[PDB]
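First chain written, first letter: the chains are A, B, C, D, E, F, G, H, I, J, K, L, M, N, O, P, Q and R, and each begins at residue 1.
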Amino acid sequence: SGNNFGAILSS
Amino acid sequence: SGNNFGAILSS
Amino acid sequence: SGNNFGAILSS
Amino acid sequence: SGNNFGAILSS
Amino acid sequence: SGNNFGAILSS
Amino acid sequence: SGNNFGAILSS
Amino acid sequence: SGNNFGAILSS
Amino acid sequence: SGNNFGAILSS
Amino acid sequence: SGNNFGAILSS
Amino acid sequence: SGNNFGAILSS
Amino acid sequence: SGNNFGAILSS
Amino acid sequence: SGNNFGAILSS
Amino acid sequence: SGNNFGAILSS
Amino acid sequence: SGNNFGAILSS
Amino acid sequence: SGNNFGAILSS
Amino acid sequence: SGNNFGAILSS
Amino acid sequence: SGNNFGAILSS
Amino acid sequence: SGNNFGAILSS
(Lines give C-alpha, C1' and ligand atoms only; values in the text may rest on other atoms or scores of the structure.)
Protein backbone atom coordinates (compact mmCIF):
# COMPACT_ATOMS: atom_id res chain seq x y z
CA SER A 1 0.00 0.00 0.00
CA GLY A 2 0.97 3.63 -0.19
CA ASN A 3 0.51 6.54 2.19
CA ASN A 4 -2.00 7.18 4.92
CA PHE A 5 -1.77 10.58 6.48
CA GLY A 6 -3.53 12.27 9.37
CA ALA A 7 -2.57 15.50 11.09
CA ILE A 8 -4.34 17.76 13.53
CA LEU A 9 -2.98 21.17 14.36
CA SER A 10 -4.51 23.27 17.11
CA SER A 11 -3.18 26.77 17.71
CA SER B 1 3.16 -1.80 3.10
CA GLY B 2 4.13 1.84 2.92
CA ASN B 3 3.67 4.75 5.29
CA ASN B 4 1.16 5.38 8.03
CA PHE B 5 1.39 8.78 9.59
CA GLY B 6 -0.37 10.47 12.47
CA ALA B 7 0.59 13.71 14.19
CA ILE B 8 -1.18 15.97 16.63
CA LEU B 9 0.18 19.38 17.47
CA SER B 10 -1.35 21.47 20.21
CA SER B 11 -0.02 24.97 20.81
CA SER C 1 -9.89 27.19 29.49
CA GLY C 2 -11.98 24.20 28.58
CA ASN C 3 -11.33 21.18 26.39
CA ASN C 4 -8.98 20.63 23.50
CA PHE C 5 -9.36 17.32 21.79
CA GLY C 6 -7.50 15.57 19.01
CA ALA C 7 -7.76 11.93 17.98
CA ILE C 8 -6.56 10.00 14.98
CA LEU C 9 -7.71 6.47 14.35
CA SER C 10 -6.20 4.39 11.58
CA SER C 11 -7.59 0.92 10.93
CA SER D 1 -6.73 25.40 32.60
CA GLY D 2 -8.82 22.40 31.69
CA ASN D 3 -8.17 19.38 29.50
CA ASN D 4 -5.82 18.83 26.61
CA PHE D 5 -6.20 15.52 24.90
CA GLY D 6 -4.34 13.78 22.11
CA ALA D 7 -4.60 10.14 21.09
CA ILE D 8 -3.40 8.20 18.08
CA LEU D 9 -4.55 4.67 17.46
CA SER D 10 -3.04 2.59 14.69
CA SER D 11 -4.43 -0.87 14.03
CA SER E 1 -3.57 23.60 35.70
CA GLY E 2 -5.66 20.60 34.79
CA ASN E 3 -5.01 17.58 32.60
CA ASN E 4 -2.66 17.03 29.71
CA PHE E 5 -3.04 13.72 28.00
CA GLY E 6 -1.18 11.98 25.21
CA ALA E 7 -1.43 8.34 24.19
CA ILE E 8 -0.24 6.41 21.19
CA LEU E 9 -1.39 2.88 20.56
CA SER E 10 0.12 0.79 17.79
CA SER E 11 -1.27 -2.67 17.13
CA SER F 1 -0.41 21.80 38.81
CA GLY F 2 -2.50 18.81 37.89
CA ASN F 3 -1.85 15.79 35.70
CA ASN F 4 0.50 15.24 32.82
CA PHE F 5 0.12 11.93 31.10
CA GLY F 6 1.98 10.19 28.32
CA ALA F 7 1.73 6.54 27.29
CA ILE F 8 2.92 4.61 24.29
CA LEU F 9 1.77 1.08 23.66
CA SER F 10 3.28 -1.00 20.89
CA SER F 11 1.89 -4.46 20.24
CA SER G 1 2.75 20.01 41.91
CA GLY G 2 0.66 17.01 41.00
CA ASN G 3 1.31 13.99 38.81
CA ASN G 4 3.66 13.44 35.92
CA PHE G 5 3.28 10.13 34.21
CA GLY G 6 5.14 8.39 31.42
CA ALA G 7 4.89 4.75 30.40
CA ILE G 8 6.08 2.81 27.39
CA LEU G 9 4.93 -0.72 26.77
CA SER G 10 6.44 -2.80 24.00
CA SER G 11 5.05 -6.26 23.34
CA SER H 1 6.32 -3.59 6.21
CA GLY H 2 7.29 0.04 6.02
CA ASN H 3 6.83 2.95 8.39
CA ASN H 4 4.33 3.59 11.13
CA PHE H 5 4.55 6.99 12.69
CA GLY H 6 2.79 8.67 15.57
CA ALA H 7 3.75 11.91 17.29
CA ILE H 8 1.98 14.17 19.74
CA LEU H 9 3.34 17.58 20.57
CA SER H 10 1.81 19.68 23.31
CA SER H 11 3.14 23.17 23.91
CA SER I 1 5.91 18.21 45.01
CA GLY I 2 3.82 15.21 44.10
CA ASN I 3 4.47 12.19 41.91
CA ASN I 4 6.82 11.65 39.02
CA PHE I 5 6.44 8.33 37.31
CA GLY I 6 8.30 6.59 34.52
CA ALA I 7 8.05 2.95 33.50
CA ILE I 8 9.24 1.02 30.50
CA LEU I 9 8.09 -2.51 29.87
CA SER I 10 9.60 -4.60 27.10
CA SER I 11 8.21 -8.06 26.44
CA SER J 1 9.48 -5.39 9.31
CA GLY J 2 10.45 -1.76 9.12
CA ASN J 3 9.99 1.16 11.50
CA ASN J 4 7.49 1.79 14.24
CA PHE J 5 7.71 5.19 15.79
CA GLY J 6 5.95 6.88 18.68
CA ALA J 7 6.91 10.11 20.40
CA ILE J 8 5.14 12.37 22.84
CA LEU J 9 6.50 15.78 23.67
CA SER J 10 4.97 17.88 26.42
CA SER J 11 6.30 21.38 27.02
CA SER K 1 9.07 16.41 48.12
CA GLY K 2 6.98 13.42 47.20
CA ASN K 3 7.63 10.40 45.02
CA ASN K 4 9.98 9.85 42.13
CA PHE K 5 9.60 6.54 40.42
CA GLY K 6 11.46 4.80 37.63
CA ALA K 7 11.21 1.15 36.61
CA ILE K 8 12.40 -0.78 33.60
CA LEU K 9 11.25 -4.31 32.97
CA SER K 10 12.76 -6.39 30.20
CA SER K 11 11.37 -9.85 29.55
CA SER L 1 12.64 -7.19 12.41
CA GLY L 2 13.61 -3.55 12.23
CA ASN L 3 13.15 -0.64 14.60
CA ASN L 4 10.65 0.00 17.34
CA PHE L 5 10.87 3.40 18.90
CA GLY L 6 9.11 5.08 21.78
CA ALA L 7 10.07 8.32 23.50
CA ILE L 8 8.30 10.58 25.94
CA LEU L 9 9.66 13.99 26.78
CA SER L 10 8.13 16.09 29.52
CA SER L 11 9.46 19.58 30.12
CA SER M 1 12.23 14.62 51.22
CA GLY M 2 10.14 11.62 50.31
CA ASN M 3 10.79 8.60 48.12
CA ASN M 4 13.14 8.05 45.23
CA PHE M 5 12.76 4.74 43.52
CA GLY M 6 14.62 3.00 40.73
CA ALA M 7 14.37 -0.64 39.71
CA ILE M 8 15.56 -2.57 36.70
CA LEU M 9 14.41 -6.10 36.08
CA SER M 10 15.92 -8.19 33.31
CA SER M 11 14.53 -11.65 32.65
CA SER N 1 15.80 -8.98 15.52
CA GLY N 2 16.77 -5.35 15.33
CA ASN N 3 16.31 -2.44 17.71
CA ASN N 4 13.81 -1.80 20.44
CA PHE N 5 14.03 1.60 22.00
CA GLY N 6 12.27 3.29 24.88
CA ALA N 7 13.23 6.52 26.61
CA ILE N 8 11.46 8.78 29.05
CA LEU N 9 12.82 12.19 29.88
CA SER N 10 11.29 14.29 32.62
CA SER N 11 12.62 17.78 33.22
CA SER O 1 15.39 12.82 54.32
CA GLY O 2 13.30 9.82 53.41
CA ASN O 3 13.95 6.81 51.22
CA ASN O 4 16.30 6.26 48.33
CA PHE O 5 15.92 2.94 46.62
CA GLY O 6 17.78 1.20 43.83
CA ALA O 7 17.53 -2.44 42.81
CA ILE O 8 18.72 -4.37 39.81
CA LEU O 9 17.58 -7.90 39.18
CA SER O 10 19.08 -9.98 36.41
CA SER O 11 17.69 -13.45 35.75
CA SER P 1 18.96 -10.78 18.62
CA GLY P 2 19.93 -7.14 18.43
CA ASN P 3 19.47 -4.23 20.81
CA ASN P 4 16.97 -3.60 23.55
CA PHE P 5 17.19 -0.20 25.10
CA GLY P 6 15.43 1.49 27.99
CA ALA P 7 16.39 4.73 29.71
CA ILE P 8 14.62 6.98 32.15
CA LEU P 9 15.98 10.39 32.99
CA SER P 10 14.45 12.49 35.73
CA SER P 11 15.78 15.99 36.33
CA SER Q 1 22.12 -12.57 21.73
CA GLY Q 2 23.09 -8.94 21.54
CA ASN Q 3 22.63 -6.03 23.91
CA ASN Q 4 20.13 -5.39 26.65
CA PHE Q 5 20.35 -1.99 28.21
CA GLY Q 6 18.59 -0.31 31.09
CA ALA Q 7 19.55 2.93 32.81
CA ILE Q 8 17.78 5.19 35.25
CA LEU Q 9 19.15 8.60 36.09
CA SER Q 10 17.61 10.70 38.83
CA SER Q 11 18.94 14.19 39.43
CA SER R 1 25.28 -14.37 24.83
CA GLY R 2 26.25 -10.74 24.64
CA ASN R 3 25.79 -7.83 27.02
CA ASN R 4 23.29 -7.19 29.75
CA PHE R 5 23.51 -3.79 31.31
CA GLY R 6 21.75 -2.10 34.20
CA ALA R 7 22.72 1.13 35.92
CA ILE R 8 20.95 3.39 38.36
CA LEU R 9 22.31 6.80 39.19
CA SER R 10 20.78 8.90 41.94
CA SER R 11 22.10 12.40 42.54
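Heads up, the rule we're going with is that a residue touches a chain if its C-beta (ideal position, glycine included) is under 8 Å from a C-beta of that chain, and two chains touch if they have at least 3 such contacts.
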Original post:
Can you list every chain in contact with both chain N and chain Q?
Top reply: P
Original post:
Just going by residue numbers, which of G-N, I-K or B-D has an interface where over half the contact pairs are the same as at P-Q?
Top reply: I-K
Original post:
If you tally the C-beta contacts, which comes out ahead, I-K or G-N?
Top reply: I-K
**OP:** Averaged over CA atoms, how far is the centre of chain A from the centre of chain C? Could you give it in whole Å?
**Re:** 13
**OP:** Please compute the C-alpha centroid of chain H, do the same for chain N, then give the distance between them in whole Å.
**Re:** 14
Original post:
In whole angstrom, what separates the CA-based centres of chain H and chain O?
Top reply: 34
Original post:
Residue numbers in chain E touching 2 or more other chains?
Top reply: 1-11
Subject >> Complex contacts: residues of chain B adjacent to chain H >> reply: 1-11
Subject >> Complex interface listing, chain K residues touching chain P >> reply: 4, 6, 8, 10
